[PDB]
Structure formats: C-alpha cells, structure tokens
Amino acid sequence: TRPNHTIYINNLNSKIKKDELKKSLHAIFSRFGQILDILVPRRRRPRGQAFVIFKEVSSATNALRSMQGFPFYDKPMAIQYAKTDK
RNA sequence: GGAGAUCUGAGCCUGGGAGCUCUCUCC
C-alpha cells in the first residue's frame, strides 16, 4: 500500500451509532484538510471501520501520522491507507 | 437497477475479520 487520498480506520467503537461516528470523525479529521466524504460501511457484523477521503493526499498523510493509535471513544484508532483509493 | 437497514434482520466463510450471499425498507 502507498499514500492516497483515503485513510482506512479500523478498531472503532461499534457501540457508537453511525451518524455520531461520522460527525465525530469529521470534526477531528477535518483539522488536517478538506474532507470530501466519510464512509462508515454497513458490514455483516457490528461496523467498526470507516473511510475518510481527503481532497489532498498530503492531508491523509499527516492525519495518518498524527492520529495513529489515538484514543477515540475509549478505543485507539488503527489507521491505514486505503487498499483502493475511494 | 439506485439508495438505505442487524452491538436494534439472516445464513455461510474467517477463526489474529478491509470475505461472500440473502432478507427487508424506500425510489
């Protein structure tokens, strides 16, 4: 995997509802750059992962570095570059 | 077809979870 516009965040707190996770993510990650969209996809079992698509790859890079392992709803975020740019 | 829905619909697969397929709702 290599840098791209989208970051993949797993290990989120599934106890939080979708909309509240999307807005918290937007408020914290918008600090690094303009965000085009945030996806919290529906999966077979409790959704605990999201995609944040920044407008500039530089924003995804600093975000990936700064917020790596940072507590988010009492759970440390595990951040990656998306396998496929979204 | 499109858009949504399960810690609050479901069966498989996985067995150190970015998997597949259904069902339902709306257009």
# chains A, B, ... in the order shown; residues from 1 in each chain; ligands from 1
$ closest_atom_pairs --of "chain B" --to "chain A" --cutoff "10 Å" --atoms "only C-alpha atoms (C1' of nucleotides)" --output "tab-separated table"
residue	atom	partner	partner_atom	distance
B:4	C1'	A:42	CA	9.8
B:5	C1'	A:42	CA	8.8
B:6	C1'	A:45	CA	7.7
B:7	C1'	A:46	CA	5.9
B:10	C1'	A:44	CA	9.7
B:17	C1'	A:45	CA	9.6
B:18	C1'	A:83	CA	8.0
B:19	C1'	A:44	CA	9.9
$ residues_around --residues "stretch 74-80 of chain A" --least-positions-apart "2" --cutoff "10 Å" --atoms "only C-alpha atoms (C1' of nucleotides)" --output "ChimeraX atom specification"
/A:1-3,6-13,49-51,60-61,63-65,67-72,82-83
$ write_last_selection --atoms "C-alpha atoms" --output "short mmCIF file (atom, residue, chain, number, x, y, z; two decimals), in the first residue's frame"
data_model
loop_
_atom_site.label_atom_id
_atom_site.label_comp_id
_atom_site.auth_asym_id
_atom_site.auth_seq_id
_atom_site.Cartn_x
_atom_site.Cartn_y
_atom_site.Cartn_z
CA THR A 1 0.00 0.00 0.00
CA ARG A 2 1.10 3.57 -0.71
CA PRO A 3 -0.28 7.03 0.12
CA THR A 6 -8.30 7.94 1.58
CA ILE A 7 -7.40 6.56 5.01
CA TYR A 8 -8.87 3.33 6.41
CA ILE A 9 -9.65 3.39 10.14
CA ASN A 10 -10.41 0.12 11.91
CA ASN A 11 -10.89 -0.77 15.59
CA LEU A 12 -13.60 1.85 16.07
CA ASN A 13 -16.12 1.59 18.90
CA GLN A 49 -14.38 0.81 10.49
CA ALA A 50 -14.62 3.91 8.30
CA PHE A 51 -13.08 5.66 5.31
CA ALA A 60 -4.27 11.95 4.56
CA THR A 61 -0.55 11.59 5.31
CA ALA A 63 -3.69 12.64 9.57
CA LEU A 64 -2.43 9.05 9.38
CA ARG A 65 0.71 10.07 11.28
CA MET A 67 -3.87 10.34 14.92
CA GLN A 68 -2.27 6.88 14.74
CA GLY A 69 -3.29 4.91 17.82
CA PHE A 70 -5.00 7.95 19.34
CA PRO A 71 -7.94 7.29 21.70
CA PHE A 72 -11.32 7.67 20.01
CA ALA A 82 -6.96 2.51 1.77
CA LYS A 83 -6.13 -0.50 -0.39
#
$ select_by_dssp --residues "chain A" --states "strand (DSSP E or B)" --output "VMD selection string"
chain A and resid 6 to 10 35 to 39 49 to 54 71 76 78 to 81
$ residues_around --residues "residue B:27" --least-positions-apart "6" --cutoff "12 Å" --atoms "only C-alpha atoms (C1' of nucleotides)" --output "PDB file with C-alpha atoms (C1' of nucleotides), in the first residue's frame"
ATOM      1  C1'   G B   1     -31.268  -1.093 -11.273  1.00  0.00           C
ATOM      2  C1'   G B   2     -30.285   3.001  -7.469  1.00  0.00           C
ATOM      3  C1'   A B   3     -30.139   4.349  -2.320  1.00  0.00           C
ATOM      4  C1'   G B   4     -30.570   2.539   2.799  1.00  0.00           C
TER       5        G B   4
END
$ closest_residue --among "A:85, A:41, A:21, A:32" --to "residue A:59" --atoms "only C-alpha atoms"
A:32
$ select_by_dssp --residues "chain A" --states "alpha helix (DSSP H)" --output "list in words"
residues 18, 19, 20, 21, 22, 23, 24, 25, 26, 27, 28, 29, 57, 58, 59, 60, 61, 62, 63, 64, 65 and 66 of chain A
$ residues_around --residues "residue A:53" --least-positions-apart "6" --cutoff "6 Å" --atoms "only C-alpha atoms (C1' of nucleotides)" --output "list in words"
residues 5, 6, 35, 36 and 37 of chain A
$ write_last_selection --atoms "C-alpha atoms" --output "tab-separated table (two decimals), in the first residue's frame"
chain	number	residue	atom	x	y	z
A	5	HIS	CA	-6.50	10.45	-0.67
A	6	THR	CA	-8.30	7.94	1.58
A	35	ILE	CA	-12.70	16.13	3.64
A	36	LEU	CA	-14.76	15.11	0.62
A	37	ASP	CA	-16.70	12.26	2.26
